[PDB]
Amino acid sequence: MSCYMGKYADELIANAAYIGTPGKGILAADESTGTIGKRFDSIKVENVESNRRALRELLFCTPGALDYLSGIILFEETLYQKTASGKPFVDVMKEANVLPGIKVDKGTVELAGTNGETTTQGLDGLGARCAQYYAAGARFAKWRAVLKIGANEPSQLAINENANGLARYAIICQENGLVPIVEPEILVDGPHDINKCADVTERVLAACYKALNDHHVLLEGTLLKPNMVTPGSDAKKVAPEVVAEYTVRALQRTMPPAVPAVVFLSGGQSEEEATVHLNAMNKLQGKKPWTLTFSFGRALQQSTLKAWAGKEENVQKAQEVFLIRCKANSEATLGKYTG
């Protein structure tokens, strides 16, 4: 009943540690075919593989953006793709000491007997898939569990299924050489206030680290990708300083210091809100024995996508916009962002 000490142990610890290099974060480019569909429909562009490969090439080969990124999450298609000039995307990455990552979950399905709660699909054959993704150069993975806040939600059943789902996924990843990003996402939907989301977050995160210990996960080779602690979509916002204090407090109360880094998700926050919130947290005095950095998708890309508008002429101005967003957030991980 020891935690994972298998052949990948040292590498899992090293690579997890690297993801938490201060000043670096994670680019989430692991959108589905469906999700990038609406990302392309806002820029009035058709969802063809050529246009997806183009956007990925556009991001990954922005001059200098890979100074600010420790890892990039890929959809499986992209893991095997190349630049226009025939260079594998993973080779571009390995040369800039960026780690490639892969989404391995299979989305959500409703839990029988609940009021719209979800469990997450994917454990079937997960070990075989993970060994194949490592052979292709991936070094960390991502799995997304979803929980909702309501009258009786999250239910006890919801919390156990997602916590033990995540722990089961994490230990299979580690056995096949991938650092598992543990993502317990609590949706902002609803009229609750920041205190109710503080409690739900704390209960859920405590449920997850118990499960990880129950399943013998080596915490020093893991990462955590949590929501920030915020009021509901339908409640009045609060100052960014308040969000920071509630969020770092939930983390202090639940997350073992052995876990090297938190890589926040932004939800539906504006590009600036996310960067501001992340800065305010690294400015707080208090115990923070883990890196507080980003894993942004929409929150890094949306302005770049608009400047590009699917045109080749616009590559130059979109890449500068993306390079600025990478510097802003890298400064936010250091407490040095100023608006």
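Each residue number is its position in the shown sequence, starting from 1.
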Would you mind comparing 78-86 and 203-211 for me and telling me which has the higher average C-alpha temperature factor in the entry? 78-86
Do the C-alpha atoms of 233-241 or of 246-254 have the higher average B factor in the entry? 233-241
Most elevated Cα B-factor in the entry, residues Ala151, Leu265, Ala145, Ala138: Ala151
Quick tally, chain-level thirds of C-alpha B-factors: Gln285 sits in the highest
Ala128: C-alpha B-factor third of its chain, per the entry, is the lowest
Comparing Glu110 with the other modelled residues of its chain, is its CA B-factor in the lowest, middle or highest third? middle
Among the modelled residues of its chain, the C-alpha B-factor of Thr291 falls in the third labelled lowest
Please place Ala163 in the lowest, middle or highest third of its chain according to the CA B-factor in the PDB entry. lowest
